[PDB]
Structure formats: C-alpha cells, structure tokens
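As structure tokens, the structure follows; a few thoughts come after it.
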Amino acid sequence: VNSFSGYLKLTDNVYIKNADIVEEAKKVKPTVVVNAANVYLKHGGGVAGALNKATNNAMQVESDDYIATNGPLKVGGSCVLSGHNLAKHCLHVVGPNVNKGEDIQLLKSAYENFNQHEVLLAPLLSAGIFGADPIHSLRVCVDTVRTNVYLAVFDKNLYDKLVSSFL
Ligand SMILES: Cc1cc2c(=O)n(CCN3C(=O)c4ccccc4S3(=O)=O)nnc2s1
C-alpha cells in the first residue's frame, strides 16, 4: 500500500491520473519523481522547467555541478539526483526529442531506467514539448516498465484520450 490517490489502474503495474506532477510530488513526496530531462540537464520548460521552478532553482544548481563533473547524459539515459522539496530522489531521464530528430526507438531505452526503482511518479516520456505521440509513449511505458509507475498527465483532454484509447 502507498499514498498515491485517485489513479486509474491500467495494468498490473501502471496507474494514471490527470494531475500536475509538481503538485502530486509536493503532496505525496514520493521516493522517486521522474524528470523529463535533456542531456545537458538544462531545465528550461515543460515538466523540467516546472519541477525546477518548484525547487527555487536548486535542481538547476545541482544539475550544473553534475554536468561540470560528468558531462552530458546519453539520449535514453538517466541519472539520480536529489528530489529537493519534491521527493527523496529525482530520476532525470532523457527521452528522445522528436523536434531534434532523435530516434523514437530510444524511447524504450529511456523507460528501461524506471525498472531500477520499485515505485515512481512520472510523466509520459517524450510527451509535451519533446514532440512524440503520447498514446505511443503510454504504450511503450506499459510494455517496458515492470516496476510500479504512477503517471501524471497534465492535460485533461489528453488524459481522457489516453484512457479511452488504451488497449
Ligand atoms: C507540468 C507539466 C506536465 C507535462 C506533461 O504531463 N506532459 C506530457 C503530457 N502532455 C502532452 O503530451 C501534451 C501535448 C500537447 C499539449 C499538452 C500536453 S500535456 O498534457 O502536458 N508534457 N508536458 C508537461 S509540462
């Protein structure tokens, strides 16, 4: 039993809710919140911009030190950093950005990072400003993630479409 509330159950391990991931993390304080990161951990917009703003830019400060030490992530890769005031940890995961021409096949590799954590609060990878089809992102999530994932979808119209079209 966990404290995630109001989710629809899609499969044995995947749950979904029309919610603002910033507000969900602030309420639940999950062990792991997933950020929709880029390889430079430049948290400018979309989910990353919102998560970072909620940390008063502390996420960006920590991320800049991480990049200065380690260099950029790989598309499809991830790193674990602090969750600041939102969660114990933040798993920064890089899904492919379609508006950069990146290989959508890398979306499965991106979701594989979730399997290293027993429970996560997450957005749909490569959705929003990353330019992929969210119905496809949900499909890849369900077919790749085996650990317990709680998906927050900001847009109510999209959530209904994802639910209604979910096979
Ligand atoms: C605070 C934040 C949550 C969040 C999120 O959940 N996503 C993934 C789901 N969405 C889309 O694919 C999408 C496409 C067109 C318009 C609106 C949306 S959407 O509902 O935001 N993307 N960006 C953000 S920014």
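We name chains A, B, ... following the order of the structure tokens; residues begin at 1 in each chain, and ligands are numbered from 1 as shown.
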
**OP:** With a distance cut-off of 10 Å and only C-alpha atoms, select the neighbouring residues of stretch 63-77 of chain A, excluding the residue or stretch itself and same-chain residues fewer than 5 positions from it, and output the selection as a ChimeraX atom specification.
**Re:** /A:37-43,57-58,82,92-97,102-113

Taking C-alpha atoms for each residue, export the selection above as a PDB file, in the first residue's frame.
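See again30.pdb below for the written result:
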```
ATOM      1  CA  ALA A  37      15.350  15.834 -18.774  1.00  0.00           C
ATOM      2  CA  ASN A  38      17.606  16.707 -21.675  1.00  0.00           C
ATOM      3  CA  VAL A  39      21.234  15.586 -21.937  1.00  0.00           C
ATOM      4  CA  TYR A  40      22.523  18.909 -20.563  1.00  0.00           C
ATOM      5  CA  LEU A  41      20.109  18.914 -17.600  1.00  0.00           C
ATOM      6  CA  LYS A  42      19.001  22.392 -18.703  1.00  0.00           C
ATOM      7  CA  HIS A  43      15.577  22.540 -17.076  1.00  0.00           C
ATOM      8  CA  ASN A  57      16.242  26.666  -8.981  1.00  0.00           C
ATOM      9  CA  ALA A  58      18.054  24.283  -6.588  1.00  0.00           C
ATOM     10  CA  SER A  82      18.234  14.937  -5.175  1.00  0.00           C
ATOM     11  CA  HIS A  92      16.375  12.568 -14.606  1.00  0.00           C
ATOM     12  CA  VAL A  93      15.514  10.534 -17.722  1.00  0.00           C
ATOM     13  CA  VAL A  94      16.255  11.651 -21.289  1.00  0.00           C
ATOM     14  CA  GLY A  95      13.633  10.554 -23.781  1.00  0.00           C
ATOM     15  CA  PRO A  96      14.217  11.256 -27.471  1.00  0.00           C
ATOM     16  CA  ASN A  97      13.179  14.726 -28.622  1.00  0.00           C
ATOM     17  CA  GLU A 102      16.159  11.845 -32.277  1.00  0.00           C
ATOM     18  CA  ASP A 103      15.388   8.156 -32.774  1.00  0.00           C
ATOM     19  CA  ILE A 104      11.984   7.291 -31.293  1.00  0.00           C
ATOM     20  CA  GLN A 105      13.275   3.734 -30.801  1.00  0.00           C
ATOM     21  CA  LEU A 106      15.270   5.266 -27.933  1.00  0.00           C
ATOM     22  CA  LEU A 107      12.021   5.763 -26.010  1.00  0.00           C
ATOM     23  CA  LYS A 108      12.090   2.132 -24.861  1.00  0.00           C
ATOM     24  CA  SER A 109      15.665   2.522 -23.580  1.00  0.00           C
ATOM     25  CA  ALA A 110      14.557   5.647 -21.707  1.00  0.00           C
ATOM     26  CA  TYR A 111      11.708   3.804 -19.969  1.00  0.00           C
ATOM     27  CA  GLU A 112      14.045   0.926 -19.021  1.00  0.00           C
ATOM     28  CA  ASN A 113      15.622   3.278 -16.477  1.00  0.00           C
TER      29      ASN A 113
END
```

Find the spatial neighbours of residue A:132, counting only C-alpha atoms, within a cut-off of 8 Å - ignore same-chain residues fewer than 4 positions away - and output them as a PDB file with N, CA, C and O atoms, in the first residue's frame.
```pdb
ATOM      1  N   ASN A  97      13.911  13.524 -28.244  1.00  0.00           N
ATOM      2  CA  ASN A  97      13.179  14.726 -28.622  1.00  0.00           C
ATOM      3  C   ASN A  97      12.942  14.655 -30.128  1.00  0.00           C
ATOM      4  O   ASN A  97      13.893  14.668 -30.920  1.00  0.00           O
ATOM      5  N   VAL A  98      11.672  14.550 -30.516  1.00  0.00           N
ATOM      6  CA  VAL A  98      11.341  14.465 -31.932  1.00  0.00           C
ATOM      7  C   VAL A  98      11.641  15.782 -32.633  1.00  0.00           C
ATOM      8  O   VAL A  98      12.027  15.794 -33.809  1.00  0.00           O
ATOM      9  N   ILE A 104      13.075   7.645 -32.198  1.00  0.00           N
ATOM     10  CA  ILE A 104      11.984   7.291 -31.293  1.00  0.00           C
ATOM     11  C   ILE A 104      12.171   5.897 -30.705  1.00  0.00           C
ATOM     12  O   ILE A 104      11.631   5.599 -29.635  1.00  0.00           O
ATOM     13  N   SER A 126       9.000  11.757 -23.467  1.00  0.00           N
ATOM     14  CA  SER A 126       8.988  12.310 -24.814  1.00  0.00           C
ATOM     15  C   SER A 126       7.656  12.951 -25.188  1.00  0.00           C
ATOM     16  O   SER A 126       7.468  13.325 -26.347  1.00  0.00           O
ATOM     17  N   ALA A 127       6.740  13.118 -24.234  1.00  0.00           N
ATOM     18  CA  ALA A 127       5.492  13.820 -24.488  1.00  0.00           C
ATOM     19  C   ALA A 127       5.700  15.327 -24.359  1.00  0.00           C
ATOM     20  O   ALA A 127       6.811  15.817 -24.132  1.00  0.00           O
ATOM     21  N   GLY A 128       4.611  16.074 -24.496  1.00  0.00           N
ATOM     22  CA  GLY A 128       4.701  17.520 -24.391  1.00  0.00           C
ATOM     23  C   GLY A 128       5.663  18.088 -25.413  1.00  0.00           C
ATOM     24  O   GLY A 128       5.642  17.716 -26.589  1.00  0.00           O
ATOM     25  N   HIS A 136       1.569   6.723 -27.997  1.00  0.00           N
ATOM     26  CA  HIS A 136       2.716   5.843 -28.156  1.00  0.00           C
ATOM     27  C   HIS A 136       3.575   5.813 -26.895  1.00  0.00           C
ATOM     28  O   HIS A 136       4.036   4.742 -26.487  1.00  0.00           O
ATOM     29  N   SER A 137       3.795   6.964 -26.248  1.00  0.00           N
ATOM     30  CA  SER A 137       4.608   6.942 -25.038  1.00  0.00           C
ATOM     31  C   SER A 137       3.978   6.067 -23.962  1.00  0.00           C
ATOM     32  O   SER A 137       4.681   5.301 -23.290  1.00  0.00           O
TER      33      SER A 137
END
```

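Here the question is which of A:36, A:162, A:59, A:153 gets nearest to ligand 1 using only C-alpha atoms and all ligand atoms, and that residue is A:153.
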
Which chain A residues have any atom within 6 Å of an atom of ligand 1, and for each, what is the nearest pair of atoms with distance in Å to one decimal, counting only C-alpha atoms and all ligand atoms, rows sorted by chain and number, as JSON lines?
```
{"residue": "A:20", "atom": "CA", "partner": "ligand 1", "partner_atom_place_in_ligand_line": "1 (C)", "distance": 5.6}
{"residue": "A:46", "atom": "CA", "partner": "ligand 1", "partner_atom_place_in_ligand_line": "25 (S)", "distance": 3.8}
{"residue": "A:47", "atom": "CA", "partner": "ligand 1", "partner_atom_place_in_ligand_line": "25 (S)", "distance": 3.9}
{"residue": "A:50", "atom": "CA", "partner": "ligand 1", "partner_atom_place_in_ligand_line": "1 (C)", "distance": 5.4}
{"residue": "A:123", "atom": "CA", "partner": "ligand 1", "partner_atom_place_in_ligand_line": "6 (O)", "distance": 5.1}
{"residue": "A:124", "atom": "CA", "partner": "ligand 1", "partner_atom_place_in_ligand_line": "8 (C)", "distance": 5.3}
{"residue": "A:127", "atom": "CA", "partner": "ligand 1", "partner_atom_place_in_ligand_line": "12 (O)", "distance": 3.8}
{"residue": "A:128", "atom": "CA", "partner": "ligand 1", "partner_atom_place_in_ligand_line": "22 (N)", "distance": 3.3}
{"residue": "A:134", "atom": "CA", "partner": "ligand 1", "partner_atom_place_in_ligand_line": "12 (O)", "distance": 5.1}
{"residue": "A:152", "atom": "CA", "partner": "ligand 1", "partner_atom_place_in_ligand_line": "6 (O)", "distance": 5.9}
{"residue": "A:153", "atom": "CA", "partner": "ligand 1", "partner_atom_place_in_ligand_line": "6 (O)", "distance": 4.1}
{"residue": "A:154", "atom": "CA", "partner": "ligand 1", "partner_atom_place_in_ligand_line": "20 (O)", "distance": 4.2}
{"residue": "A:155", "atom": "CA", "partner": "ligand 1", "partner_atom_place_in_ligand_line": "20 (O)", "distance": 3.4}
{"residue": "A:158", "atom": "CA", "partner": "ligand 1", "partner_atom_place_in_ligand_line": "20 (O)", "distance": 5.8}
```

Subject >> DSSP-assigned strand (DSSP E) members of chain A, reported as a PyMOL selection string >> reply: chain A and resi 8-9+14-18+32-36+78-82+89-93+119-122+148-153

**OP:** Record the distance separating atom CA of residue A:17 and atom CA of residue A:29, expressed in Å with one decimal.
**Re:**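 Here the two named atoms are 16.1 Å from each other.
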
**OP:** For each of A:44, A:28, A:13, A:18, take the minimum atom-to-atom distance to residue A:146, counting only C-alpha atoms, then give the residue where this is smallest.
**Re:**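 Closest to residue A:146 of all the choices is A:13.
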
**OP:** May I have all residues of chain A that DSSP, computed from the backbone, assigns to alpha helix (DSSP H), given as a ChimeraX atom specification?
**Re:** /A:21-28,46-54,58-70,106-112,134-144,156-164

Keeping C-alpha atoms, export the residues of the selection given above as a PDB file, in the first residue's frame.
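out-v5.pdb, written as the output of this step:
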```
ATOM      1  CA  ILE A  21       3.260  16.368 -11.360  1.00  0.00           C
ATOM      2  CA  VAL A  22       4.614  19.287  -9.309  1.00  0.00           C
ATOM      3  CA  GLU A  23       1.528  19.232  -7.087  1.00  0.00           C
ATOM      4  CA  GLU A  24       1.475  15.419  -6.935  1.00  0.00           C
ATOM      5  CA  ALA A  25       5.109  15.305  -5.827  1.00  0.00           C
ATOM      6  CA  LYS A  26       4.570  18.098  -3.296  1.00  0.00           C
ATOM      7  CA  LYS A  27       1.600  16.192  -1.848  1.00  0.00           C
ATOM      8  CA  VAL A  28       2.931  12.627  -1.971  1.00  0.00           C
ATOM      9  CA  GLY A  46       7.827  21.544 -19.925  1.00  0.00           C
ATOM     10  CA  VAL A  47       7.951  19.225 -16.935  1.00  0.00           C
ATOM     11  CA  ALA A  48      11.628  20.001 -16.296  1.00  0.00           C
ATOM     12  CA  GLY A  49      11.006  23.736 -16.133  1.00  0.00           C
ATOM     13  CA  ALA A  50       8.085  23.198 -13.754  1.00  0.00           C
ATOM     14  CA  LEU A  51       9.952  20.812 -11.441  1.00  0.00           C
ATOM     15  CA  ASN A  52      12.954  23.120 -11.303  1.00  0.00           C
ATOM     16  CA  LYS A  53      10.863  26.236 -10.634  1.00  0.00           C
ATOM     17  CA  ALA A  54       9.204  24.408  -7.728  1.00  0.00           C
ATOM     18  CA  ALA A  58      18.054  24.283  -6.588  1.00  0.00           C
ATOM     19  CA  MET A  59      17.548  21.464  -9.099  1.00  0.00           C
ATOM     20  CA  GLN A  60      19.345  23.520 -11.769  1.00  0.00           C
ATOM     21  CA  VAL A  61      22.233  24.400  -9.429  1.00  0.00           C
ATOM     22  CA  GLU A  62      22.732  20.735  -8.534  1.00  0.00           C
ATOM     23  CA  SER A  63      22.409  19.734 -12.196  1.00  0.00           C
ATOM     24  CA  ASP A  64      25.032  22.230 -13.366  1.00  0.00           C
ATOM     25  CA  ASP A  65      27.530  20.758 -10.897  1.00  0.00           C
ATOM     26  CA  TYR A  66      26.638  17.246 -12.101  1.00  0.00           C
ATOM     27  CA  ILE A  67      27.284  18.171 -15.756  1.00  0.00           C
ATOM     28  CA  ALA A  68      30.513  20.018 -14.954  1.00  0.00           C
ATOM     29  CA  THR A  69      31.808  16.827 -13.314  1.00  0.00           C
ATOM     30  CA  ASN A  70      30.352  14.110 -15.540  1.00  0.00           C
ATOM     31  CA  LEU A 106      15.270   5.266 -27.933  1.00  0.00           C
ATOM     32  CA  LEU A 107      12.021   5.763 -26.010  1.00  0.00           C
ATOM     33  CA  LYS A 108      12.090   2.132 -24.861  1.00  0.00           C
ATOM     34  CA  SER A 109      15.665   2.522 -23.580  1.00  0.00           C
ATOM     35  CA  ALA A 110      14.557   5.647 -21.707  1.00  0.00           C
ATOM     36  CA  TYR A 111      11.708   3.804 -19.969  1.00  0.00           C
ATOM     37  CA  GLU A 112      14.045   0.926 -19.021  1.00  0.00           C
ATOM     38  CA  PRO A 134       1.678  10.440 -26.064  1.00  0.00           C
ATOM     39  CA  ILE A 135      -0.501   7.440 -26.950  1.00  0.00           C
ATOM     40  CA  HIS A 136       2.716   5.843 -28.156  1.00  0.00           C
ATOM     41  CA  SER A 137       4.608   6.942 -25.038  1.00  0.00           C
ATOM     42  CA  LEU A 138       1.982   5.315 -22.809  1.00  0.00           C
ATOM     43  CA  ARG A 139       2.133   2.129 -24.896  1.00  0.00           C
ATOM     44  CA  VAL A 140       5.927   1.932 -24.603  1.00  0.00           C
ATOM     45  CA  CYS A 141       5.677   2.616 -20.865  1.00  0.00           C
ATOM     46  CA  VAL A 142       3.224  -0.232 -20.294  1.00  0.00           C
ATOM     47  CA  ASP A 143       5.259  -2.614 -22.460  1.00  0.00           C
ATOM     48  CA  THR A 144       8.642  -1.718 -20.882  1.00  0.00           C
ATOM     49  CA  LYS A 156      -7.342  16.648 -19.094  1.00  0.00           C
ATOM     50  CA  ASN A 157      -8.330  16.228 -22.754  1.00  0.00           C
ATOM     51  CA  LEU A 158      -5.208  14.127 -23.418  1.00  0.00           C
ATOM     52  CA  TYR A 159      -5.764  12.012 -20.306  1.00  0.00           C
ATOM     53  CA  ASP A 160      -9.277  11.102 -21.472  1.00  0.00           C
ATOM     54  CA  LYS A 161      -7.920  10.193 -24.916  1.00  0.00           C
ATOM     55  CA  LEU A 162      -5.175   8.032 -23.373  1.00  0.00           C
ATOM     56  CA  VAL A 163      -7.694   6.233 -21.149  1.00  0.00           C
ATOM     57  CA  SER A 164     -10.372   5.848 -23.818  1.00  0.00           C
TER      58      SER A 164
END
```

Original post:
Mind pulling up the distance from atom CA of residue A:33 to atom CA of residue A:129?
Top reply: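 Result for atom CA of residue A:129 versus atom CA of residue A:33: 18.8 Å, one decimal.
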
Original post:
In Å, with one decimal, what is the gap from atom CA of residue A:7 to atom CA of residue A:119?
Top reply: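 Between atom CA of residue A:7 and atom CA of residue A:119 the gap is 14.1 Å.
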